């Protein structure tokens, strides 16, 4: 079996799993200090410029309550790293990657699903496929 440790994260009631191997850190940013750069939004932390992506916007999920303080996973693809705002920080966990089959062949945003403890589903974010 293919085990992998991952951060369980939430958008509304949906569960996404970001493999821990890709997380750089986890901060709590405040609307107050996001900056508009061109078409993208960034935070700068310790002089490092990191573009932030809301996860619901990245996945096109209906959602509105954009709070003043929000939790955000920073991930890293090669040598560029970038933020991912989420709703809830569920917890760290050990999951078994199952493939979600031939009908999702084209979905670059994910890389498989996991069945959790209570038998609910999490889909695994493919960090190098979320722009």
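Numbering follows the first chain given and starts at 1.
The PDB entry reports B-factors from which the mean C-alpha value can be compared for 66 to 74 and 93 to 101; the larger average falls on 66 to 74. On average the C-alpha atoms of 46 to 54 have higher B-factors than those of the other stretch, with 46 to 54 and 81 to 89 being the two compared. Of the candidates 22, 111, 13, 25, the one whose C-alpha carries the top B factor in the deposited record is 13. As recorded in the entry, 107 carries the highest CA temperature factor of 9, 116, 107, 123. In the deposited entry, the Cα temperature factor of residue 29 sits in the top third of values across the chain's modelled residues.
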